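I'd like to ask some things about the structure below.
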Amino acid sequence: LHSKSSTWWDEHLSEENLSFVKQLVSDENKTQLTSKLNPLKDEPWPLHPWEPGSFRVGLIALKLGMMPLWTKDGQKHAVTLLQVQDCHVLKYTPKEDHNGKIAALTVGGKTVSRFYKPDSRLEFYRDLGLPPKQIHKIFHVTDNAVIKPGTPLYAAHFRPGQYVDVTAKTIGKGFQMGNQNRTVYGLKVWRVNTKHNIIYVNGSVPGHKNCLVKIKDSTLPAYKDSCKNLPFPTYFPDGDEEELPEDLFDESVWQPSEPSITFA
Amino acid sequence: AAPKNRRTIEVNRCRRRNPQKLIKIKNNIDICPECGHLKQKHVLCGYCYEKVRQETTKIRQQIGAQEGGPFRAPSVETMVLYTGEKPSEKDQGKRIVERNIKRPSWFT
Amino acid sequence: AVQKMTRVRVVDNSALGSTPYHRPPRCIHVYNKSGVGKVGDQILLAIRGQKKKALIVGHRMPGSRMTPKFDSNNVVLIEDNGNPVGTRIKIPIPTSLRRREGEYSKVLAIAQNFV
Amino acid sequence: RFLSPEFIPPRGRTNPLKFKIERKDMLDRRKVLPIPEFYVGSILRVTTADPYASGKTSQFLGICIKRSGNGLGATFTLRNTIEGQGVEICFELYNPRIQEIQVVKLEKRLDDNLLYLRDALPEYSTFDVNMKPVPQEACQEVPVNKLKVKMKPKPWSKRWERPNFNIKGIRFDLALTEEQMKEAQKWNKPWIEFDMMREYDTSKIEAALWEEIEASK
Amino acid sequence: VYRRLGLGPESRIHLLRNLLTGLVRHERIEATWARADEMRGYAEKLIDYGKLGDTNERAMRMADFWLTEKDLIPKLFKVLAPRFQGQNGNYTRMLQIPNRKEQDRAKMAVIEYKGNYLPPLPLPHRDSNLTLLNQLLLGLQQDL
């Protein structure tokens, strides 16, 4: 019959060839990630100074879970764990071509498999030189803060003591609901784990555990200009001006292994 | 509660001939080389399975007669032997089922 | 804890509270924005056919961690002027009332037993 | 080999990396504050910093009745009767405000949870706050108290008579007739004792945790 | 995490109990796909109880309850358990069978006990490396 048939990547792959394919995919992912590790050594776009009214790009992170955190005051604060995975700038949109008010930058994280995706999605990522990402999200970024596509983004962009805004899809409940984007504002950051790129954020984050979320600087009037004392475009590990500690703590936070807090 | 008016055949025809209500074709149909009959990609062939399944009943019938009683399941391993095949030393201490038929080609 | 009804034990030497009565001392109103009354929350208790404000000092409702859960509901009577009706309190009284927002020094002074 | 309950992770979708990070902090804290080994039914005296008071610590003595929580957030509850008032306080093992932990009497009780002691007579729950620690044997199992407590009148917080609870430390015979037990046994659900879908095994995890904990030492 | 079968939870256990007993006696049983998957987990766990040892009192109680026919209990400890001592898992094999032509068109699957003496099932075979596509991949492997 001259008719369409259903096929999958593993349909005709032999056991010996299938094992080779798995190894090749891992090799390709490793090579692509290493190639993009150094943004500053890949013709970085011009760096502009900070001025009032600048907006930095946001990050996409995975919700690991929640646990209690203690401060030097002896108070216990429940905190949520967010992990930044394979965060990279993908597509830059000019201000005029996207929105006359401000330009936007596309960032994607949480790399995904290439086997069960359309060729169109793979083709776009092949040009970018990076493996496909689970989610594409758009961030409004000022011209001065524009970053070249393919620049790796790390949890060190945010710092302890900075309030941040997280928006995520709510858990779906079925017909009775949910699965709607919501944003939480005014969440302080307690600590950042550089080794695992884990940011500790006060309060709860909508969605289930292991759910991707969008993270951006707090837009509240009180924290109008916090990027002045933070990495203005972003934090670049490639420069390595000073290696950051593996775990970053806020001053009030009580680190473990410290002396027992006495309410003197 | 009854409709305020009879529904026209033309309106009825559109509802029943909507593509959503029509029967969908399947593209996952596959051929069985063993039996030469059709099959689905995720479904095993049945024409050959009939030989194996019905062959199992014949083996089971022989086993049932040999046991001869309920609740007589042996505590030792069992093996099936066909005509022209003789027990080996490895077959010692194992229930032996004898089949008049010659060793089937598919069965190994 | 103590709420609408919720017969409570009057831990006080007040005449009405001290004197035995056939009906238990229940509550009619909770002096809080919420309807729930807990330790340190003023309530409108009833004693000997009279309505007397009482201060909750213990409750059987599950509490926060690191705190002792009382097995009985205990209250202390307070006069209209704010001075306690009774001059002494017998049951141990938590010391958190001092830090709790409100006027609790008078009751704490009258509470010899502190846990 | 005594592996403390908090180290054992529970079944779920929580990331294993969280436990690895949590364990490291727990081990680091254990160096600052030593967590003695204890089981439900043991009488403990724990020193904790008082927030309401200024520069004053307090020690509370009570029989351990329940252990809950995992990781850094694990907590333990000890019960006692003070001034004729039954009081139960939940203490978090790794809270910075716990100055010291002393196991006055290390022992185990018939049941892993002692919530029924509230329904038992007050004397079984009464313990002297100032009682001095008793000697313990290191190369031995913790003493197991097999005394069966006597219950108060039938109205209880929970139906301990039901087979599901399976309380082995209650003198049901004194307060309950054999016919009443049969009525309670109507909820036996015998398949539950034989159902493997409700079984969660942490033995392999417990064994693996032991070497990791010892390695950190 | 549990399918609803039978007229009640106890019936499911009894239905699961009957299915488990039938599988042990014959080592290959055909049933609805949903039911077969439900019973697969119990079968694997039982083999672990068999590996534990005959002298284990809990295993004896579990074996007696689950296996109505007592002649199977020696078989489990002397046939099933010894056979899989080397293996660490995957004791049961479940495969899809064409749906029943009983006017309900229920999904049919076959569950069998591995290592059995029964005739081998017609299992699927992956494509041979001699195929043009596989040969090209082999060339890439050789070059690397």
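The chains carry the letters A, B, C, D and E, assigned in the order they are written, with residues numbered from 1 in each.
Criterion: a contact is a pair of C-beta atoms (placed from the backbone, for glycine too) under 8 Å apart; a residue touches a chain by one contact, two chains touch by 3 or more.
By chain, with names taken from UniProt: A = Large ribosomal subunit protein uL3m; C = Large ribosomal subunit protein uL14m; D = Large ribosomal subunit protein bL19m; E = Large ribosomal subunit protein bL17m.
Engineer: I'd like to know which chains remain joined to each other by touching when chain D is not counted.
Structural biologist: A, B, E | C
Engineer: Let me check something: if the centre of a chain is the mean of its CA atoms, which chain is farthest from chain C?
Structural biologist: Most distant chain from chain C: B.
Engineer: Which one of the chains is closest to the middle, using the mean of its C-alpha atoms?
Structural biologist: Ranked by how close its C-alpha centre lies to the overall one, first comes D.
Engineer: Between chain A and chain D, what is the gap in Å from one C-alpha centre to the other?
Structural biologist: Each chain reduced to its C-alpha mean, chain A and chain D end up 41 Å apart.
Engineer: If you average the CA atoms of chain B and of chain E, how many Å lie between those two points?
Structural biologist: Whole-Å distance between the two chain centres: 16.
Engineer: Roughly how far is chain A from chain B, centre to centre by C-alpha average, rounded to an integer in Å?
Structural biologist: 52
Engineer: Measuring from the mean C-alpha position of chain C to the mean C-alpha position of chain D, what distance in angstrom results?
Structural biologist: 32
Engineer: What parts of chain C, by residue number, touch at least two of the other chains?
Structural biologist: Residues of chain C touching two or more partner chains: there are none.
Engineer: Give me the residue numbers in chain D that touch at least two other chains, ranges are fine.
Structural biologist: 53, 92, 95
Engineer: Would you identify the shape of the chain contact graph, picking one of line, ring, star, complete or other?
Structural biologist: Looks like something else, not a line, ring, star or complete graph.
Engineer: Can you give me every chain pair that touches, using the contact definition above?
Structural biologist: Inter-chain contacts occur between A-B, A-D, A-E, B-E, C-D, D-E.
Engineer: Can you list the chain A residues touching chain B in their complex?
Structural biologist: The contact residues of chain A facing chain B are 3-6.
Engineer: Help me check something: in the complex, which residues belonging to chain C touch chain D?
Structural biologist: 58, 65-72, 91-92, 95-96, 98-99, 113, 115
Engineer: Under the stated contact criterion, what part of chain A meets chain E in this complex?
Structural biologist: On the chain A side, the touching residues are 12-17, 20-21.
Engineer: Using the touch definition from the top, list the residues of chain E that touch chain B in their complex.
Structural biologist: 25-26, 28, 69-72, 74-75, 77-79, 83, 95-98, 117-122, 124
Engineer: Could you list, by residue number, the parts of chain A that touch chain D in their complex?
Structural biologist: It is residues 64-65, 67-68, 70, 74, 76, 81, 193, 196, 198, 209-210, 254, 256-264 of chain A that touch chain D.
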